[PDB]
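Engineer: Below is one structure. I have some questions about it.
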Amino acid sequence: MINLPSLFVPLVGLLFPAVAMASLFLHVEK
Amino acid sequence: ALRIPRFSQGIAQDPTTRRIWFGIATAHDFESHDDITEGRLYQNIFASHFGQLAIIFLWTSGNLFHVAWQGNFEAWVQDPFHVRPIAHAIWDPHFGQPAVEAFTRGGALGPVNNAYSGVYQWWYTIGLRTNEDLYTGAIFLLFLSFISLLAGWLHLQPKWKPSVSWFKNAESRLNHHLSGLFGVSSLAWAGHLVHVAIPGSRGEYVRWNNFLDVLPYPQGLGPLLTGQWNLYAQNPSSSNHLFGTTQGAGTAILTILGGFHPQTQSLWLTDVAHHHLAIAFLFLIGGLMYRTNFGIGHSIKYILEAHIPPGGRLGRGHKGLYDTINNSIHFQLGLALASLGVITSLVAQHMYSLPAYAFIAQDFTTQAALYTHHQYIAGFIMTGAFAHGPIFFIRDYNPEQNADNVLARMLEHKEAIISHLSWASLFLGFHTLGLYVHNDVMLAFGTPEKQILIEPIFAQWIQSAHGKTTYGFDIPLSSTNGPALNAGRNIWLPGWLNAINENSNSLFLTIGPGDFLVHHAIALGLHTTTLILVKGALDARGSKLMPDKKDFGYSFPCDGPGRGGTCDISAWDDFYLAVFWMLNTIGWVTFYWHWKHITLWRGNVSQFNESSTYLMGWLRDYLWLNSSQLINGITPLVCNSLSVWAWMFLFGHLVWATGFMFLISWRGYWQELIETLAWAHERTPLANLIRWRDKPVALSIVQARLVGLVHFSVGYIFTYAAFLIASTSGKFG
Amino acid sequence: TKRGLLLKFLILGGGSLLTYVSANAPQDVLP
Amino acid sequence: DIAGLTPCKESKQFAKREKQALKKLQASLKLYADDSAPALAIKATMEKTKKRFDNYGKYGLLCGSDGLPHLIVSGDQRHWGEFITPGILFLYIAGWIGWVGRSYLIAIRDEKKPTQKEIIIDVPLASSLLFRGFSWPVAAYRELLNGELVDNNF
Amino acid sequence: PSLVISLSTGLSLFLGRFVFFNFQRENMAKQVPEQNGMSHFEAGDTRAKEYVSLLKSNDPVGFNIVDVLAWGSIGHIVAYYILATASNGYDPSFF
Amino acid sequence: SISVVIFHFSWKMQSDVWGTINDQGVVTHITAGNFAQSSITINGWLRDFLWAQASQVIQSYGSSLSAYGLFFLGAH
Amino acid sequence: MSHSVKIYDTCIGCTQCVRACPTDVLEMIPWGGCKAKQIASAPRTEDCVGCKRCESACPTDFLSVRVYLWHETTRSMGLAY
Ligand code: CLA
Ligand code: CLA
Ligand code: CLA
Ligand code: CLA
Ligand code: CLA
Ligand SMILES: CC(=CC=C/C(C)=C/C=C/C=C(C)/C=C/C=C(C)/C=C/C1=C(C)CCCC1(C)C)/C=C/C1=C(C)CCCC1(C)C
Ligand SMILES: CC1=C(C/C=C(\C)CCC[C@H](C)CCC[C@@H](C)CCCC(C)C)C(=O)c2ccccc2C1=O
Ligand SMILES: OC[C@H]1O[C@](CO)(O[C@H]2O[C@H](CO)[C@@H](O)[C@H](O)[C@H]2O)[C@@H](O)[C@@H]1O
Ligand code: SF4
Ligand code: SF4
Ligand code: SF4
């Protein structure tokens, strides 16, 4: 296929954040 | 108006935003917040920092895991010539095509940033080598760092006891530790370096297969148990060595023999191990010192109690210092902090002049962004040390239960204590500052002469009674001979502790009037820093202005105006205030090494000599000389060598500056225009009904003394971070 | 408009396909 | 003699300092004062830092590299009064600053309302308790530690 | 030059002062008094200590040193062996 | 407000304007307009300013003006 | 505590002494003998904010109060709005 290891910066530095900024808006409510 | 945050309660239904911040910073204050019992608490710090050890292995794992498939190693173990190792692959979509420009560093493909941590000379320096042979790291450490969590839970679960009272022994534990732990923790290390590593160093490999078949010698552990040890240390190593490949190897573990080498500085192969061994009796001999049921040894009172050396007939008690250091848990976490604090620098000031690694200084970078992350911290501790021993005095402590008793008296005879402290500073103040302006009024004025400049006598002195065999000089009984030692000679001080002047890496650098100042201005730091911590502490209890300053002691920052006008007079806000001088010592000191080192490398040393005896110059050549490299690195003419660094370095100057708000602002002014600024929304369309769930406010009146700080700090500590690196790397040195 | 329990679905789905293929690419056109 | 070099009797590096550096001072081939009666680099400012020749006195004075002179003062070979001579001097002068500190002070707290006599000054400098200092032979070195300021008052 | 075995002689001088009491009266550990489970409560805390019990074998097992330490150290450890050597054994004087 | 407006004028007024004539009045600013592409970077503001100029402050010892460098430490 | 700052003193007389402080302090509750006989330290405090205007005037001879309440409503800071 050739040259393709780019997912562990969005799933982390991008999407993991989405989760918790969403999710953890559990501090406000759930 | 609902109910939320699951531990506190006053916090829990507070309608503002404080609701949030103050949630995320009471978390770790177990002792006294809703959910707590002396049984809860303890354990609630126990399976906490089992949540510790735990996070230290997901760190170390990955440290060994951005290394094994890229990030040169079956390189840098071919010969580690000072050209740019590697940490991990930098990958940001924001990068330009000058992805191609250095940043992208030689051997490896896509861009990267190289080990300035030491790891790379100790995953190597205990052998650990071959790139087929290597790719363990996480694999273990992590099949470890999970167990680290398992007790966490297991010992959190009631049943198979989490243990409650059993947390105030001592004797048993620490009768256990400083044997079980340290001793065998050493030993077992003594174990490893020696069977698997020393061989890996001077000699050859060890194959993952054999571990019995490999035998440092032909005829085994030979005598050894045969009290006959000695004949380890004969033809041990050599010097015509070629490090790692035998040939001039020889094979007789242990020594104190041979010494330095242009091919590696660093403590000899063996010595870091007889030592590791050698101490491993004493602690094991130490461990087994107190009770633990069987009925020997000692009760940890009854040798305090009426122990006492100068007490006896000097009317000055010693009562249950045990049930107060024990019933305290803060006394605990701050005799803990320090020791660590005092030794974190003993680590990191000995880690130079005596680095124990295969290529390190003669690396001279990693060596200079590693003395300091151990100078920062270390300073950073000390403070916290001094800060949990002004919490003991308020939450815990017990005047009726401690008195005539020597922890008291310490309180009682306190006004002197800060004074005969403050008298040190004020002296150590203007007297350093006469000498340094005077030294700067005289230059500029044309007269380099007239310059006031004291040799650091009692310094060099310590060293012409060592090895500083600098240009002769007797000393009455010593001469440079007649008497030498007589009682000592060809044993012990052989080639070692014989570096002398060695303009390159002699251990001891040859001290003059430049050093008889910084050295009095690191002394005006921890003194001033501590008149405030000593003070900070020596009445979190109260005083004249605030007499009854308590039931909460620590962070009650502020009080009403009137009385004289009262302010940052919580023992926290003196801690708060302290942390600026711990950030000013731990700078004079670090600042100093480097200028020195820098100059003492790819060039002179006269430089620090007549140009550190004054002040302007400390700014001009150093500070102003030696930044060069970095800043013309965003340059109007494309991104050259470093770019991370300089942008960090201005990221450095912003995070800092932006402290100040927090710091010259003070909640009053902020809250009030938010009173006007929360008349907007409510009064503006396409943004009405739209309810907050937390009431717009301005930061708490302690909170922002923190945040400006916890802000002042990174900026500051993230600026030298990028400063030194961004210039120990270029050089010239 | 079947919203009756969702959003968790559209935040794995939609946001694994604004980022799955969205980062990857068969022949760079690099950073 | 000690760590740096020897005094003035010889100090090469020091010599070069005398010379370039100052004398460049010179530096101005002329710059007009052929006979003229102001511009005084010319006379002294040099010669007052200069006629300070191969003499400065002679002072010993150690002089390291670059030959700027260092101060040992360990009371030996020559260097004794680079601290003590001007040391007791610092002591004696102060202490007779504050011997009188503890004086145009311990003379007031009495009579009638004495509540800030001090924002004005009763005898200027004290000019009464004045010489008490040179008129310290021994003094506090006994009467401080015995009586008056007596442990009592401690 | 070094009496190396001057002092390992010396240190298990003292921990045979250890071989002590696994043997002589009653059980282990003057039986677990207090170890697991946890003291009265005790509590300040707490005991015991006793300047008065440094006797018992001061005199007897102060010999223990000269045991191994004599004839079993510099004088070739148990020459009086044989007792099943053929998968091997010996053992053989490195001295 | 003022402290950065100052910072503005001289960096202009010398980056361009102040400079100098000679034959064919080939203009030669105290600085060939370094401003160009390079104040726009706010580091250029200590690359081109503060670290560039100021090299006259921290060279100023032993001179005649010297009282500036010799202030520039106090007051700084 | 939830509003617990001690301004007490010993006279608790309140003439040319102290009055200032939004609502909070409906005292004059004469304890059976303390000179100008009006005493204690407060009335029902669950009403207003966190001054130390509370002393500033008329003795507390010890401390004087300030913020210490933590549990802190809103009505207890201007801004619940
Ligand atoms: C706040 C921060 C903190 C951080 C982030 C670091 C980071 C670092 N320190 Mg460090 N340090 C700190 C605080 C910190 N330190 C403090 C407070 C001290 C003083 C106590 C030190 C004293 C110190 C020393 C002396 C050194 C470092 C070194 C290092 C570097 C090595 C990487 C590493 O630590 O892996 C850590 C590795 C582990 C946690 C695993 C090893 C632990 C072994 C000893 C476990 C033994 C248990 C064993 C299984 C028991 C066996 C029993 C049985 C088998 C017999 C790394 C840069 C080293 C260096 O110089 O790099 C160049 C070294 O010089 N540090
Ligand atoms: C090594 C350990 C040690 C241990 C075991 C403890 C344990 C404790 N400390 Mg403590 N402390 C320490 C070192 C330690 N401390 C040191 C070194 C200092 C200063 C040097 C302090 C200063 C300190 C203060 C002021 C207080 C405590 C308190 C406490 C207690 C509650 C903890 C807390 O409030 O955290 C909760 C904090 C958080 C959940 C996070 C908020 C913290 C902010 C300030 C972030 C700090 C900087 C950060 C890294 C920058 C952001 C990162 C950036 C890259 C984005 C707990 C008993 C509190 C206490 O109970 O005293 C009465 C409190 O007063 N400590
Ligand atoms: C560079 C800085 C500036 C200066 C000059 C000082 C100086 C001082 N600080 Mg300080 N400090 C500073 C910034 C400064 N601080 C900052 C930014 C913070 C944190 C925000 C602190 C936090 C802090 C704390 C917590 C403490 C101090 C203390 C002190 C004093 C310690 C005693 C000493 O060092 O010798 C004495 C002073 C000097 C060497 C400075 C020069 C003072 C003299 C020589 C003035 C010159 C006279 C001049 C000729 C006449 C001009 C005046 C006018 C007539 C024109 C000292 C006065 C401590 C203290 O109170 O000590 C008892 C302690 O409380 N500081
Ligand atoms: C370097 C500075 C730091 C910063 C960033 C600010 C910023 C501000 N100050 Mg201020 N201030 C500071 C230090 C700082 N101050 C200091 C040290 C003091 C006194 C010693 C003051 C005294 C002060 C007063 C009295 C006032 C302010 C006000 C303000 C605001 C003015 C309006 C504005 O333009 O803000 C927004 C713009 C900025 C902050 C600059 C741009 C920031 C960049 C980096 C963009 C970042 C955004 C981006 C999306 C980041 C997200 C990425 C993600 C990773 C997080 C602004 C918030 C005033 C105010 O609020 O009026 C409106 C008020 O008058 N300040
Ligand atoms: C006559 C005066 C006098 C005397 C005997 C002292 C004595 C002392 N002071 Mg002190 N002090 C003084 C005036 C005096 N002070 C004044 C005016 C101030 C400014 C507020 C201070 C501020 C001060 C501080 C912050 C400290 C001391 C400390 C001390 C003690 C340490 C000595 C030291 O190293 O500080 C050197 C002395 C000074 C820095 C004082 C400067 C003022 C001097 C020059 C007064 C000169 C006389 C003056 C003009 C009076 C007029 C004469 C009149 C009869 C007409 C010592 C007991 C230290 C302490 O408490 O530890 C025991 C502490 O660190 N002092
Ligand atoms: C041994 C030593 C030492 C030392 C010194 C020391 C030994 C030091 C110490 C230090 C310590 C510290 C510095 C600590 C601190 C801390 C603290 C003080 C605390 C406090 C507190 C508080 C605040 C309150 C309460 C609580 C607490 C306690 C925490 C040395 C030795 C030596 C030398 C050098 C010389 C030569 C010889 C030798 C032998 C080699
Ligand atoms: C600006 C300012 C405010 C105003 C409060 C503000 C501006 C809060 C604004 C929110 C900022 C924009 C949040 C950005 C921070 C991010 C890094 C996210 C934080 C994430 C946390 C959970 C760590 C104060 O209330 C105050 C109080 C006392 C002394 C000084 C000051 C002060 O300087
Ligand atoms: O003869 C006593 C006479 O001298 C005193 C003693 O202090 O001091 C003089 O010395 C100073 C030094 O400058 C002179 O200026 C002035 O004459 C006096 O200060 C003085 O008290 C006595 O009057
Ligand atoms: S901060 Fe202001 S208000 Fe608060 S206490 Fe100090 S002075 Fe008072
Ligand atoms: S001390 Fe204050 S308010 Fe208290 S009793 Fe007097 S005036 Fe009343
Ligand atoms: S001091 Fe307190 S109670 Fe009194 S008025 Fe102020 S806020 Fe109210």
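Following the order of the structure tokens, chains are lettered A, B, ..., residues in each are numbered from 1, and ligands are numbered from 1.
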When you get a sec, could you note down which chain B residues fall within 8 Å of chain A, using only C-alpha atoms, as a list in words?

Structural biologist: residues 4, 5, 20 and 693 of chain B

Engineer: Please dump the current selection as a PDB file, in the first residue's frame; keep N, CA, C and O atoms.

Structural biologist:
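Below you can see part.pdb, which holds the result:
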ATOM      1  N   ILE B   4     -24.075  18.388  42.713  1.00  0.00           N
ATOM      2  CA  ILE B   4     -22.998  17.873  41.865  1.00  0.00           C
ATOM      3  C   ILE B   4     -21.677  17.755  42.700  1.00  0.00           C
ATOM      4  O   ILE B   4     -21.764  17.495  43.902  1.00  0.00           O
ATOM      5  N   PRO B   5     -20.471  17.970  42.117  1.00  0.00           N
ATOM      6  CA  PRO B   5     -19.229  17.472  42.712  1.00  0.00           C
ATOM      7  C   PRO B   5     -19.220  16.519  43.949  1.00  0.00           C
ATOM      8  O   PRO B   5     -19.544  16.867  45.116  1.00  0.00           O
ATOM      9  N   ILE B  20     -16.271  24.912  39.349  1.00  0.00           N
ATOM     10  CA  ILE B  20     -15.375  24.095  38.517  1.00  0.00           C
ATOM     11  C   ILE B  20     -13.949  24.123  39.091  1.00  0.00           C
ATOM     12  O   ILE B  20     -13.489  23.114  39.655  1.00  0.00           O
ATOM     13  N   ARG B 693     -24.790  27.446  33.019  1.00  0.00           N
ATOM     14  CA  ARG B 693     -25.088  26.668  34.189  1.00  0.00           C
ATOM     15  C   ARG B 693     -24.070  27.007  35.291  1.00  0.00           C
ATOM     16  O   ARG B 693     -24.136  26.482  36.388  1.00  0.00           O
TER      17      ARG B 693
END

Engineer: Write out as a list in words each polymer residue whose atoms come within 7 Å of residue 290 of chain B, counting only C-alpha atoms; drop sequence neighbours fewer than 5 positions from it.

Structural biologist: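 In the requested form, the answer reads residues 171, 175, 297, 298 and 299 of chain B.
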
Engineer: Residues within 6 Å of ligand 6 (only C-alpha atoms and all ligand atoms), as a list in words?

Structural biologist: residues 331, 334, 335, 338, 385, 386, 389, 390, 534 and 537 of chain B

Engineer: Excluding residue 45 of chain F and its own-chain neighbours fewer than 5 positions away, which residues fall within 10 Å of it when counting only C-alpha atoms? Please give them as JSON, numbers by chain.

Structural biologist: {"F": [7, 8, 11, 35, 38, 39, 40, 50, 51, 52]}

Engineer: What residues of the protein or nucleic acid chains come within 7 Å of ligand 10 when you use only C-alpha atoms and all ligand atoms? Reply as an mmCIF file with N, CA and C atoms, in the first residue's frame.

Structural biologist:
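Heads up, here's the output in result34.cif:
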data_model
loop_
_atom_site.group_PDB
_atom_site.id
_atom_site.type_symbol
_atom_site.label_atom_id
_atom_site.label_comp_id
_atom_site.auth_asym_id
_atom_site.auth_seq_id
_atom_site.Cartn_x
_atom_site.Cartn_y
_atom_site.Cartn_z
ATOM 1 N N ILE G 7 -15.277 38.604 65.322
ATOM 2 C CA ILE G 7 -15.100 39.985 65.633
ATOM 3 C C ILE G 7 -15.436 40.148 67.096
ATOM 4 N N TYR G 8 -16.168 39.218 67.701
ATOM 5 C CA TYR G 8 -16.304 39.411 69.152
ATOM 6 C C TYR G 8 -15.226 40.391 69.743
ATOM 7 N N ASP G 9 -15.396 40.771 71.021
ATOM 8 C CA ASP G 9 -14.413 41.556 71.821
ATOM 9 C C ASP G 9 -14.659 41.284 73.344
ATOM 10 N N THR G 10 -15.350 42.207 74.010
ATOM 11 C CA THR G 10 -15.675 42.099 75.430
ATOM 12 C C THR G 10 -16.629 43.191 75.858
ATOM 13 N N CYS G 11 -16.631 44.313 75.140
ATOM 14 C CA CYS G 11 -17.542 45.400 75.504
ATOM 15 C C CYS G 11 -18.852 45.145 74.806
ATOM 16 N N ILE G 12 -18.775 44.754 73.523
ATOM 17 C CA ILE G 12 -19.954 44.667 72.632
ATOM 18 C C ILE G 12 -20.974 45.824 72.809
ATOM 19 N N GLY G 13 -20.524 46.876 73.503
ATOM 20 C CA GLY G 13 -21.177 48.159 73.433
ATOM 21 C C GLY G 13 -21.049 48.596 71.977
ATOM 22 N N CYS G 14 -22.141 49.179 71.464
ATOM 23 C CA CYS G 14 -22.106 49.760 70.122
ATOM 24 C C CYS G 14 -22.435 51.229 69.989
ATOM 25 N N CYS G 17 -18.606 53.198 68.039
ATOM 26 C CA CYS G 17 -17.916 51.927 68.087
ATOM 27 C C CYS G 17 -18.087 51.172 66.743
ATOM 28 N N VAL G 18 -19.242 50.514 66.461
ATOM 29 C CA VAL G 18 -19.532 49.930 65.109
ATOM 30 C C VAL G 18 -20.974 49.516 64.756
ATOM 31 N N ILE G 39 -24.086 42.288 73.716
ATOM 32 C CA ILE G 39 -22.986 41.306 73.612
ATOM 33 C C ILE G 39 -22.969 40.392 72.383
ATOM 34 N N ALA G 40 -22.216 39.298 72.532
ATOM 35 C CA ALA G 40 -22.007 38.271 71.504
ATOM 36 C C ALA G 40 -21.202 38.758 70.255
ATOM 37 N N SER G 41 -21.608 38.293 69.068
ATOM 38 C CA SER G 41 -20.737 38.339 67.908
ATOM 39 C C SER G 41 -21.527 38.482 66.608
ATOM 40 N N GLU G 55 -15.267 44.423 61.741
ATOM 41 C CA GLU G 55 -14.497 45.331 62.577
ATOM 42 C C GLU G 55 -14.279 46.588 61.708
ATOM 43 N N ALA G 57 -13.860 48.936 62.466
ATOM 44 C CA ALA G 57 -14.211 49.709 63.685
ATOM 45 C C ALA G 57 -14.873 48.865 64.767
ATOM 46 N N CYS G 58 -14.785 49.332 66.022
ATOM 47 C CA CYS G 58 -15.207 48.619 67.266
ATOM 48 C C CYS G 58 -14.650 47.222 67.431
ATOM 49 N N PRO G 59 -13.563 47.130 68.218
ATOM 50 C CA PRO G 59 -12.785 45.993 68.659
ATOM 51 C C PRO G 59 -13.304 44.516 68.532
ATOM 52 N N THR G 60 -12.303 43.639 68.413
ATOM 53 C CA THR G 60 -12.408 42.207 68.105
ATOM 54 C C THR G 60 -11.190 41.643 68.820
#

Engineer: Residues at most 9 Å from ligand 7, using only C-alpha atoms and all ligand atoms? Could they come as a PyMOL selection string?

Structural biologist: chain B and resi 20-21+24+658-671+674+697-705+707-708

Engineer: Restrict the selected residues to N, CA, C and O atoms and save them as a short mmCIF file (atom, residue, chain, number, x, y, z; two decimals), in the first residue's frame.

Structural biologist:
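Wrote it out as again.cif, contents follow:
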data_model
loop_
_atom_site.label_atom_id
_atom_site.label_comp_id
_atom_site.auth_asym_id
_atom_site.auth_seq_id
_atom_site.Cartn_x
_atom_site.Cartn_y
_atom_site.Cartn_z
N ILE B 20 -16.27 24.91 39.35
CA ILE B 20 -15.37 24.10 38.52
C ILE B 20 -13.95 24.12 39.09
O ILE B 20 -13.49 23.11 39.66
N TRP B 21 -13.27 25.27 38.96
CA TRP B 21 -11.82 25.38 39.24
C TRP B 21 -11.54 24.71 40.56
O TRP B 21 -10.88 23.68 40.63
N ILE B 24 -11.45 21.20 40.64
CA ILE B 24 -10.20 20.66 40.09
C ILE B 24 -9.01 21.29 40.76
O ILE B 24 -8.24 22.03 40.12
N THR B 658 2.56 37.25 30.91
CA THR B 658 1.15 37.02 31.15
C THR B 658 0.90 36.40 32.56
O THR B 658 -0.25 36.22 32.98
N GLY B 659 1.96 36.09 33.29
CA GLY B 659 1.78 35.83 34.71
C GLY B 659 1.09 37.08 35.19
O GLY B 659 -0.13 37.08 35.39
N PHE B 660 1.88 38.16 35.25
CA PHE B 660 1.58 39.49 35.84
C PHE B 660 0.16 39.96 36.12
O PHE B 660 -0.08 40.48 37.19
N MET B 661 -0.74 39.83 35.13
CA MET B 661 -2.18 40.05 35.32
C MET B 661 -2.49 39.49 36.70
O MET B 661 -2.37 40.16 37.74
N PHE B 662 -2.87 38.22 36.70
CA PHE B 662 -2.71 37.43 37.90
C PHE B 662 -1.40 37.99 38.45
O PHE B 662 -0.37 37.86 37.80
N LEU B 663 -1.45 38.70 39.57
CA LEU B 663 -0.21 39.25 40.16
C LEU B 663 -0.22 40.75 40.35
O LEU B 663 0.31 41.22 41.36
N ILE B 664 -0.75 41.51 39.38
CA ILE B 664 -1.01 42.96 39.58
C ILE B 664 -2.49 43.26 39.29
O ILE B 664 -2.88 44.37 38.95
N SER B 665 -3.34 42.25 39.39
CA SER B 665 -4.71 42.50 39.06
C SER B 665 -5.72 42.33 40.23
O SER B 665 -6.48 43.26 40.54
N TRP B 666 -5.74 41.21 40.91
CA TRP B 666 -6.50 41.22 42.16
C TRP B 666 -8.03 41.23 41.98
O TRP B 666 -8.61 42.30 41.88
N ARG B 667 -8.68 40.06 42.01
CA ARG B 667 -10.10 39.85 41.61
C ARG B 667 -11.11 41.06 41.47
O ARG B 667 -11.96 41.09 40.56
N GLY B 668 -11.00 42.05 42.36
CA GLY B 668 -11.90 43.20 42.33
C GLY B 668 -12.24 43.81 40.96
O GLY B 668 -13.42 43.97 40.63
N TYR B 669 -11.21 44.17 40.18
CA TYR B 669 -11.38 44.87 38.89
C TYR B 669 -11.95 43.94 37.83
O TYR B 669 -12.57 44.36 36.86
N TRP B 670 -11.75 42.66 38.01
CA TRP B 670 -12.11 41.73 36.96
C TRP B 670 -13.59 41.38 37.02
O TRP B 670 -14.32 41.50 36.05
N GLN B 671 -14.00 40.97 38.21
CA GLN B 671 -15.35 40.66 38.55
C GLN B 671 -16.31 41.75 38.15
O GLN B 671 -17.40 41.46 37.64
N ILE B 674 -17.12 42.22 34.61
CA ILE B 674 -17.86 41.00 34.21
C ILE B 674 -19.32 41.11 34.65
O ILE B 674 -20.21 40.48 34.07
N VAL B 697 -17.94 34.55 36.99
CA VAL B 697 -17.18 35.28 38.04
C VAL B 697 -15.71 35.46 37.77
O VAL B 697 -15.18 34.90 36.81
N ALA B 698 -15.06 36.25 38.64
CA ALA B 698 -13.60 36.48 38.58
C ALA B 698 -12.84 35.79 39.71
O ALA B 698 -13.29 35.73 40.85
N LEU B 699 -11.65 35.29 39.36
CA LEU B 699 -10.90 34.28 40.12
C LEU B 699 -10.67 34.59 41.58
O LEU B 699 -10.63 35.72 41.99
N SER B 700 -10.52 33.53 42.35
CA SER B 700 -10.58 33.62 43.78
C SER B 700 -9.34 34.33 44.16
O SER B 700 -8.42 34.48 43.37
N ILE B 701 -9.34 34.76 45.41
CA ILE B 701 -8.44 35.79 45.84
C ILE B 701 -7.15 35.16 46.33
O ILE B 701 -6.18 35.84 46.57
N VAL B 702 -7.15 33.84 46.43
CA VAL B 702 -5.90 33.02 46.49
C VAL B 702 -5.51 32.44 45.08
O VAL B 702 -4.39 32.65 44.59
N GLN B 703 -6.47 31.74 44.45
CA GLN B 703 -6.35 31.22 43.10
C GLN B 703 -5.41 32.03 42.17
O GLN B 703 -4.59 31.46 41.49
N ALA B 704 -5.51 33.34 42.12
CA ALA B 704 -4.76 34.06 41.08
C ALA B 704 -3.32 34.38 41.50
O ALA B 704 -2.45 34.58 40.64
N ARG B 705 -3.06 34.39 42.81
CA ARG B 705 -1.68 34.36 43.31
C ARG B 705 -0.93 33.09 42.84
O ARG B 705 0.25 33.14 42.52
N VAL B 707 -2.20 30.88 39.95
CA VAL B 707 -2.19 30.98 38.45
C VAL B 707 -1.16 31.98 37.80
O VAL B 707 -0.52 31.66 36.79
N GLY B 708 -1.00 33.18 38.37
CA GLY B 708 0.17 34.00 38.05
C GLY B 708 1.21 33.41 38.96
O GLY B 708 1.28 33.73 40.14
#

Engineer: Taking only C-alpha atoms and all ligand atoms and a cut-off of 6 Å, can you tell me which residues surround ligand 11, written as a count of residues only?

Structural biologist: 10

Engineer: Mind listing the residues within 6 Å of ligand 9, only C-alpha atoms and all ligand atoms counted, as a PyMOL selection string?

Structural biologist: chain B and resi 558-561+566-567

Engineer: Based on the selection just made, write C-alpha atoms of those residues as a compact mmCIF listing (two decimals), in the first residue's frame.

Structural biologist:
# COMPACT_ATOMS: atom_id res chain seq x y z
CA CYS B 558 -6.40 37.73 52.37
CA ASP B 559 -8.04 39.40 55.20
CA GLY B 560 -10.04 42.53 55.76
CA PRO B 561 -8.42 45.96 55.44
CA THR B 566 -3.54 42.74 56.15
CA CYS B 567 -2.70 40.55 53.17

Engineer: How would you report the residues lying within 8 Å of ligand 3, as a PyMOL selection string, if you count only C-alpha atoms and all ligand atoms?

Structural biologist: chain B and resi 419+422-423+425-433+524+528-529+531-532+574+577-578+580-581

Engineer: Residues at most 10 Å from ligand 5, using only C-alpha atoms and all ligand atoms? Could they come as a ChimeraX atom specification?

Structural biologist: /B:415-428,430 /D:94-107,118-130
